[PDB]
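These notes are about the structure you will find just below.
Cβ placement follows ideal geometry from the backbone for every residue including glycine, while neighbour counts extend to all protein chains displayed. What follows is calculated from the coordinates using simple rules that are stated; it is not laboratory data.
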Amino acid sequence: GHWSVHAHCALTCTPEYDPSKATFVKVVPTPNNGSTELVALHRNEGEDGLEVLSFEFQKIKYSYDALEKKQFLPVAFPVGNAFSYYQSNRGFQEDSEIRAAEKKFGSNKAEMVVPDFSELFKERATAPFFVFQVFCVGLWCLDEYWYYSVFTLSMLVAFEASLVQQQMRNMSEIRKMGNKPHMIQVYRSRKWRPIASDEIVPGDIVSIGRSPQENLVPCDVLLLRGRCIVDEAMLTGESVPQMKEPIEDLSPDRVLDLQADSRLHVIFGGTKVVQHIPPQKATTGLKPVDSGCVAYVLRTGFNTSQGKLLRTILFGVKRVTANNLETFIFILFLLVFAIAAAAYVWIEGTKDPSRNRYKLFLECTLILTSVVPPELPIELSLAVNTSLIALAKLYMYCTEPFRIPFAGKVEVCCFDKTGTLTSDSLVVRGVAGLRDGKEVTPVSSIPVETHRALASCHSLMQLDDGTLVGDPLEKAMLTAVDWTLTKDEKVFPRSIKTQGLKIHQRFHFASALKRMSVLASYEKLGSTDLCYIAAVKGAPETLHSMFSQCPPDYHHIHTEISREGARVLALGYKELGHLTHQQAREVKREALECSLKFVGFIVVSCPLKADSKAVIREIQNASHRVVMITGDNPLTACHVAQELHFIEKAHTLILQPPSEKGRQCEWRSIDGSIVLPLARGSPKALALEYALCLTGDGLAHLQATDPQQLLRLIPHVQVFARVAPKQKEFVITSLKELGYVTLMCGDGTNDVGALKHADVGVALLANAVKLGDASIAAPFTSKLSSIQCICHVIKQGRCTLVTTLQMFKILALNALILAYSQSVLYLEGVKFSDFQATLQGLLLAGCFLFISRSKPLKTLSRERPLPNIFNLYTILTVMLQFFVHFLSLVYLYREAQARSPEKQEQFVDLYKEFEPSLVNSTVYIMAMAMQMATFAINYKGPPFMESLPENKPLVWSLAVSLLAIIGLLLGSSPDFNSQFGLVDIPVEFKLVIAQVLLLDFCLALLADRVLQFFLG
């Protein structure tokens, strides 16, 4: 189809090479994705005298940089300009130049293109396989087999129309998620205008706000000023809304990076606005009529994140393509036996001079067309569709079907304990470090300084309804604190006679700094002066050095707290003395951390889910390896891992990078008793001796020193800890490079990048639907917080893979039987009339459809599905069965031919049509027996799928086929077999026919089962 396009383009107009004036330019799709297309260039007048030829591909604009690069390049977006310049940037000033800029840089239309069902059918009809099929149908027409042609063409067009219908049903959903265009209050020509969403262009300044109609954010915008409560669920999927901070406070020397500064300052498109905080009237700047937060438009068109993902959804694949090498080699092998049969056909026919040659070549081509089954990719699509529909009932969505089959081949599965293996809600047991010893004191008895430190240090927010929403950790601590949080960022104690604390501004968590700070002031008792007190929290290991005064048992108590597995978080509070109002704005975010005072720890219990234990046990029972990738304390992860039996060795040793440069890395055990430096040899012996786990800092050190030993060590490691999001992508890709099929289950925003690159990925959304950033483009998407989705998806993958193997085997045997039977038996002047091979076509169609709908078991088993069709078992069984059936067929033919009386007249009138015979009867009955035997023998039952009797449709179909075979062989009803035009056989030789049929069936069963037993 794609190659068929360029011939038409060449015919319409010649390709043009000269860059002076090109009428049309071919578009290279690139192997990753896309399709071959031709686009007409756009010629525009240049105001400055410089012309640019432009084209649009997938609604993405690219330009020929005739000035510097002399090549096609995408249009540069205003995001690349300096952050400080945009701070100083005012925006456009006049409307004529506004249309000038809109025309010259293009526009953005969030509406998508939905092809018509007729158009979709026409576009699918160009596929090579449908053309091959319709050619074959025409060949059956030419061989006078008119009924055969009409039935096969009807079935093929019916299935293609069914595919088009399900494609249209999917397109209807994409239409449903489409966002209707709407008016927006935007700043242009030094004024505010009512402007529709479609006509927004980058460089515009828009003051967005909480729309009374709950209108979604049109596109990505950069929050210039003000605070806003934004619900990024439908895009990002975090149940916790992410705060947005104004950039006027940001330093001008900073250079904006999308990856680093995405969460707190740039407002993504497609999100829903809940509440916007208006800036103070004292500040001088952009003044909006609607009193909404002013924002700058960075990215538009489909180059925005939501647009990128949904356009990749649309123009990525119409239907899943599975024309892999295995299918090609299957066709090739069946075609090899086809060519052998056809060669015998031609030779034996040419041995006879009387018969026509052109007709003989016609049935030769008929045999060839019959060999390649017209239903070959149809049932692969059917099996994938049935698997998808079955997997749908488990409340789990699948954005892309194609790596569903990859689920069966999984060997190593990755898990995250944060939020996925443990509930995020949890509970707080107390506040530690405020009393002598390792004992944790209740929240009631902790000092008031700890009370204010815990209460102030929170990023929680208040909605219009005022419901408390935020991080479950902060949620739980404030619940223990019990101080009310008001919409005015004032924290009031419920039962404590202390003045409330008003948070002036919040510094949020940074991954690199591993800390966050809160800056606020409290009124002194008996005076109106404002005393600024700042409470901070973060990584205890980082927070230790920043304490000015610290107890000696800090690391000791931290070690024992992490021993229990409870999440430990150090609390800090600095006096800071008295501060002025302006100086509070003056102080930067990295200055609050210095000269801190220790306040104590907090123990945060992580409750391991009970349902986790059974699924982990089952997945280890599946001859699979499980690896833990998480970010908390490494020995905390060790406690979690041993609790779920992730590690079963006598001891486990942690890896640390050495304090001094040039020192060889040395492991230390959890108890610390066993210490051994890393050896250059294989860690297999140590792994047998004890379990190994890697820390994130050690991971970085091993990356920086030499990747080789790291690559050797990764496969045998069970626990990964303190791993930042980039290094999770690192570890997933590293596991993939070893060749093991990778499965990962993640929920947090840190896991998006890793789930992007995993071979099979599932994303879990709490509560609910959120439909997170990953879940848009994750391989799979699950709505249930439990991780039973892992075992369910693995089971479905096993089932679909075994079904595909089954299907290829059935098609191979059945095609070979029908092909050889027809090929030689037409040579003997014995061809099927319309009714009988119509019947066989119905039996094949019905049996294929019923076996396509197999059901799986309830529990998985230790045995592993075969990797693919390319294994010795399949080829050896197909050949052994084929010879076992071939010998029987040859015996039947010779035994019959030794019996039928010869021709009465050598020359037969050409006008005479088919007249019934007995060889017809024997060959058709034997072929039916062979199809029945194929279906009965090759159905692999437990423990990979249900038993043979359980699949009631297939049992009924096989029973009907066997009843038809037995009734025809008996020939009890003369009307019945007369309708089929089958001549009666003498009973003395139904005896032999039945005996040889049973012998063939039993030999096939015994041979196949003994082969399975020997090569299991």
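Do any GluC sites (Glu not before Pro) in segment 604-699 lie in a DSSP loop with no more than 11 other beta carbon atoms within 10 Å, and if so, which?
On the way: sites: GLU618, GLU643, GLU648, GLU660, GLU666, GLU689; in loops: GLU648, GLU660.
Counting only loop positions with at most 11 other Cβ atoms within 10 Å, the GluC sites (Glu not before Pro) in segment 604-699 are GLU648, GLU660.
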#### Entry: Reach of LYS502 by Cα under 18 Å, taken over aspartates and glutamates that are not fewer than 8 positions away in the same chain
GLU245, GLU449, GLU474, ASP482, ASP488, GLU489, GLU523, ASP529, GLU575
### Query
Could you name the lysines in cross-link range of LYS287, using Cα to Cα under 25 Å and dropping any fewer than eight places away on the same chain?
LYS191, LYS244, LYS272, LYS487
#### Entry: segment 664-788: equivalent-ellipsoid semi-axes (sqrt of 5 x gyration tensor eigenvalues, Cα, Å)
31, 15, 13
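Can you sort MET930, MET807 from fewest to most other Cβ atoms within 10 Å of each residue's own Cβ? The partial results should precede the final answer.
Values: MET930 28, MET807 22.
Ranking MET930, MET807 by Cβ neighbours within 10 Å, fewest first, gives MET807, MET930.
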### Query
Put +1 on the Cβ of each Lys and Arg and -1 on the Cβ of each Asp and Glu in the chain; which of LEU872, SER548, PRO942 then has its Cα farthest toward the positive end of the dipole?
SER548
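Work out the FRET efficiency for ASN356 and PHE132 from their Cβ-Cβ distance, taking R0 = 25 Å, and round it to the nearest 0.05. Present the calculation step by step, with values, prior to reporting the outcome.
Numbers: r = 26 Å, r/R0 = 1.05.
For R0 = 25 Å, the calculated efficiency reads 0.45.
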### Query
Want the number for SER96 to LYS109: 0.36 nm per residue separation, take away the alpha-carbon distance, what's left?
2.6 nm
### Query
By a straight-distance test (C-alpha under 25 Å), which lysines pair with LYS831 as possible cross-link partners, with residues fewer than eight away in the same chain excluded?
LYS351, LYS359, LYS903, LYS912, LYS990
## Note on the structure
In whole angstrom, the spacing between the Cα centers of segment 781-829 and segment 622-650 equals 37 Å
### Proximal charge balance of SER211 [Cβ under 14 Å; K/R count +1, D/E count -1]
-1
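Computed from the mean reciprocal separation of all distinct C-alpha pairs, what Kirkwood hydrodynamic radius does segment 244-303 have, in Å? Mind showing how you got there, number by number?
Details: mean 1/r = 0.0732 Å⁻¹.
Result for segment 244-303 stands at 13.7 Å.
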### Task
For each of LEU376, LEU702, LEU688, count neighbouring Cβ atoms within 10 Å of the residue's Cβ, then give the residues from fewest to most.
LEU688, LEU376, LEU702
### Task
Once you have all Cα-Cα distances for segment 427-605, histogram them in 5 Å bins from zero and send the whole-percent values.
1, 8, 17, 21, 21, 17, 10, 4, 1, 0
### Tail weight of P(r) past 25 Å, computed on alpha-carbon pairs of segment 862-983, percent
46 percent
### Query
Hey, rough spin-label estimate for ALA650 and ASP482, points 7 angstrom out along Cα→Cβ, what's it come to in nanometres?
5.1 nm
### Query
Based on the Cβ-Cβ distance of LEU999 and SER973, what FRET efficiency does E = 1/(1 + (r/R0)^6) give at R0 = 30 Å, to the nearest 0.05?
0.65
### Query
Under unit Cβ charges (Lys, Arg +1; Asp, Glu -1), what dipole magnitude, rounded to 20 debye, does the chain have relative to its Cα centre?
1940 debye
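Which loop-located GluC sites (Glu not before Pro) does segment 208-282 contain, where loop means any DSSP state but H, G, I, E or B and the Cβ has at most 10 other Cβ atoms within 10 Å? Write down the numbers at each step before the final one.
Working: sites: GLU214, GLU232, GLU238, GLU248; in loops: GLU214, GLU232, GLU238, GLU248.
The qualifying sites are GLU214.
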### Task
Give, rounded to the nearest 20 debye, the magnitude of the charge dipole that segment 690-772 has about its Cα centre when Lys and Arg contribute +1 at Cβ and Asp and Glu contribute -1 at Cβ.
100 debye
### Message
Give me the net charge for the shell around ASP290: Cβ to Cβ below 12 angstrom, other residues only, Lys and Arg +1, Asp and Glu -1.
### Response
+3
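Find the Rg to Rh ratio for the chain, where Rh is the Kirkwood radius over alpha-carbon pairs and Rg uses the same atoms.
Working: Rg = 36.4 Å, Rh = 34.3 Å.
My calculation of the ratio gives 1.06.
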### Task
For segment 147-162, just list the computed ³J(HN,Hα) in residue order, Karplus coefficients 6.51, -1.76 and 1.60, θ = phi - 60°, integers in Hz, with x standing in for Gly and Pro.
4, 4, 4, 5, 5, 5, 5, 4, 5, 5, 5, 5, 5, 5, 5, 5
### Message
Explain nothing, just the number: dipole magnitude of segment 183-314 about its Cα centre with +1 on each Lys and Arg Cβ and -1 on each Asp and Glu Cβ, in debye rounded to the nearest 20.
### Response
400 debye
### Query
For segment 796-810, what does the Karplus curve 6.51 cos²θ - 1.76 cosθ + 1.60, with θ = phi - 60°, yield as ³J(HN,Hα) per residue in whole Hz, taken in order and with x for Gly and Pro?
5, x, 4, 5, 5, 5, 5, 5, 5, 4, 3, 5, 4, 4, 4
### Task
Would you calculate, for the chain, the mean residue ellipticity at 222 nm contributed by helices, counting each DSSP H stretch of 4 or more residues as -39,500 (n - 2.57) and dividing by all residues, to the nearest 500?
-13500 deg cm²/dmol
### Query
When the label point is put 7 Å from the Cα of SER495 along its Cα-to-beta-carbon vector, which residues of segment 432-475 have a backbone N closer than 13 Å?
443-446
### Task
Taking the dipole about the Cα centre of the chain, with the C-beta of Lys and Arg at +1 and of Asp and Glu at -1, give me whichever of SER88, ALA390, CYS413 is farthest to the positive side.
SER88
#### Entry: Pair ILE277, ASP48: separation of 7 Å Cα→Cβ label points (nm)
4.2 nm
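Which value, in Å to one decimal place, does the Kirkwood hydrodynamic radius take for segment 117-177 when every pair of different Cα atoms is included?
Result for segment 117-177, one decimal place: 12.8 Å.
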### Query
Which residues in segment 488-521 have a backbone N closer than 19 Å to a point placed 7 Å from the Cα of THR580 along the Cα-to-Cβ line?
520-521
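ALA610 to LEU738: FRET efficiency via 1/(1 + (r/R0)^6), r the Cβ-Cβ distance, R0 41 Å, to the nearest 0.05? Don't skip to the end; give the middle numbers.
Numbers: r = 33 Å, r/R0 = 0.81.
It comes out at approximately 0.80.
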### Task
Rank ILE561, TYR187, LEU362 by how far each Cα sits towards the positive end of the charge dipole of the chain (+1 on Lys, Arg Cβ; -1 on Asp, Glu Cβ) and give me just the farthest.
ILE561
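Would you mind estimating how fast segment 602-740 diffuses translationally, via Stokes-Einstein at 37 °C and 0.692 mPa s with the Kirkwood radius over Cα pairs, in µm²/s? Write out the running numbers ahead of the final one.
Details: Rh = 15.8 Å.
It comes out at roughly 208 µm²/s.
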### Task
Arrange the following residues from fewest to most other Cβ atoms within 10 Å of their Cβ: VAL890, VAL75, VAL536, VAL491.
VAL890, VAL75, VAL491, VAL536
### Rounded if a/c under 1.5, otherwise prolate or oblate - segment 367-518, Cα gyration tensor axes
prolate
### Query
Hey, rough spin-label estimate for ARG617 and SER291, points 7 angstrom out along Cα→Cβ, what's it come to in nanometres?
6.1 nm
